[PDB]
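A.B. asks: My questions will all concern the structure given below.
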Amino acid sequence: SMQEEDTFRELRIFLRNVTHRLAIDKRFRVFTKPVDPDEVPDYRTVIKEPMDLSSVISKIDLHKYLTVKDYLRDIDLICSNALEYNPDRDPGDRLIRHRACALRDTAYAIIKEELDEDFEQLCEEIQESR
Ligand SMILES: COC(=O)[C@H](Cc1ccco1)c1ccncc1
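Numbering (this note's numbering), first residue to last: 6 to 135.
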């Protein structure tokens, strides 16, 4: 229905706004663009599904997310990729891990405050009907 297409349009507006707020935070610059395959050729041998905030913006506009749950699976993948690629005790690895945890925690805290639980349940029930 037109009403259901208005629901998904409001979801995309919400997700673009959350993503922009994460992408401008200086702590998260390391998560804004793909890891460059020239500078780091080893990356794509270890990390089998790369993800970053520019790719998330492109996915919103391709209508890849019908629920906030499917958006948060890609925020969780950004964070888990950084934890698995940089697991060591040295300061460089510990700094990215702390930033990855802060990107995940910050996204979940904006959603807990600003997403209405009945708006998410509506998106889930339209998705489950298709
Ligand atoms: C999302 O970025 C990463 O996982 C890279 C891994 C990387 C790049 C070069 C060598 O290793 C990283 C970038 C900056 N600081 C720590 C790690």
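Just so you know, even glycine gets a beta-carbon here, dropped at the ideal spot from N, CA and C.
(1) Taking one C-beta from the region 39-50 and one from the region 61-80 each time, how about it: are there three or more such pairs within less than 8 Å?
(2) Taking the C-alpha atoms as reference points, what is the distance between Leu-77 and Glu-129?
(3) Does DSSP classify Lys-64 as helix, strand or coil?
(4) Nearest to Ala-28 by alpha carbon, out of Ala-105, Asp-75, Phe-124 and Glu-133?
(5) Are the CB atoms of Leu-71 and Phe-19 within a distance shorter than 8 Å?
(6) Can you tell me the Cα-Cα spacing of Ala-107 and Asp-93, whole angstroms?
(7) Starting from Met-7, trace the alpha helix (DSSP H) in both directions and tell me its first and last residue.
(8) With a threshold of 7 Å (Cβ to nearest heavy atom), would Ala-87 be considered close to ligand 1?
(9) What is the DSSP secondary structure of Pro-92, counted as helix, strand or coil?
(10) Assuming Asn-86 contacts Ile-101 under a Cβ cut-off of 8 Å, what Cβ separation, rounded to an integer in Å, is found between them?
(11) Could you spell out the range, first to last residue, of the alpha helix (DSSP H) harbouring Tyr-48?
C.D. replies: On the basis of the supplied data:
(1) no
(2) 14 Å
(3) If DSSP states are grouped into helix, strand and coil, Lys-64 belongs with the helices.
(4) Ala-105
(5) no
(6) 18 Å
(7) 7-29
(8) Under cutoff, so the answer is yes.
(9) coil
(10) With 8 Å as the limit, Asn-86 and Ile-101 do not qualify as a contact, their Cβ atoms being about 10 Å apart.
(11) It spans 48-51 - the alpha helix (DSSP H) in which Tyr-48 sits, taken as one unbroken run.
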